[PDB]
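Each remark here refers to the structure printed beneath this line.
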Amino acid sequence: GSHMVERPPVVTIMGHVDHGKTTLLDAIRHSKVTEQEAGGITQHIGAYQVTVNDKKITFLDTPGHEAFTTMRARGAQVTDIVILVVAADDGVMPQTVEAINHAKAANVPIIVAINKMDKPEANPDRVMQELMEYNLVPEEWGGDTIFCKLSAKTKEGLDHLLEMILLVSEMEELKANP
Ligand SMILES: Nc1nc2c(ncn2[C@@H]2O[C@H](COP(=O)(O)OP(=O)(O)O)[C@@H](O)[C@H]2O)c(=O)[nH]1
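Number 103 in the deposited numbering belongs to position 103 of the sequence shown; there are no gaps in the numbering.
Here it is as structure tokens:
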């Protein structure tokens, strides 16, 4: 019904553990936007709305509109996005797939982020290819996923990530081919 007009996309962050499940929600705060703000990483409530544009990106989920965390009625998706975090040093792992399986189950466009590019052992395009093995093809290749090869440790690609996000946030309406 017409009892909603503000639409904060619930960009659920997922992927494998140790690749930065919760650490990226910290890393993301210690990149910009929130420093003293009681959100994202505390205890009362989880995650937050990041200010790349104007807080239009609620990472993970918000109570009432859970997409990739839990599907209450499934159809909580309007034009939401999922982030799939894969360490370039580790790649696709057990729970990483389960995050993919949840994503493809709905068949939502992904925002992959290959972390640990701070590591000289980073193999981004390698672990990136494992995603396309679960049929997650980057838009650099012509599939349906925006990958980012970032390092949440050197705090490089977290900045580049929100850039790709805002790109999507701007094209959100009709832009994809045009
Ligand atoms: N090298 C590297 N390590 C990372 C990065 N992001 C997270 N980590 C590591 O991920 C580990 C697990 O993070 P934590 O939030 O405690 O665990 P999780 O939330 O269960 O994945 C941490 O000890 C970090 O060292 C990254 O971008 N690069």
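In this text, a Cβ means the ideal position worked out from N, Cα and C, and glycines have one as well.
Counting C-beta pairs closer than 8 Å gives three or more between the stretch 100-116 and the stretch 132-145, which meets the contact rule.
Inclusion of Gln95 and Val10 in the CB contact set at 8 Å is not warranted, their separation being larger than that value. By the CB criterion at 8 Å, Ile165 and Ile57 fall inside the cutoff. Taking 8 Å as the cut-off, the Cβ atoms of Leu162 and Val50 count as close. Around the beta-carbon of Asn177, fewer than 16 other beta-carbon atoms lie within 10 Å, marking it exposed. Here the distance from the Cβ of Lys32 to the nearest heavy atom of ligand 1 is not below 7 Å. Cα atoms of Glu121 and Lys153: separation of roughly 14 Å, rounded to the nearest angstrom. Taking a contact as a CB-CB distance under 8 Å, the pair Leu25 and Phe59 counts as one, their CB atoms being some 6 Å apart.
Between the alpha carbons of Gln43 and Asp61 lies a gap of roughly 15 Å. The beta carbon of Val33 is closer than 6 Å to those of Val50, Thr51 in its chain, skipping five residues each way along the sequence. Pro109 is a Cβ neighbour of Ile81, given a cutoff of 8 Å. Collapsing the DSSP output to three states places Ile57 in coil.
Comparing C-alpha distances from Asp89 to each of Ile114, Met171, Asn53 shows the shortest one belongs to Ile114. Using a 10 angstroms sphere on the CB of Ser151, the tally of other CB atoms reaches 16 or more, which defines it as buried. By the CB criterion at 8 Å, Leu158 and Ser2 fall outside the cutoff. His19 sits close to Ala87, with the two beta carbons spaced by under 8 Å. In the DSSP assignment, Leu131 falls within the unbroken alpha helix (DSSP H) covering 124-133.
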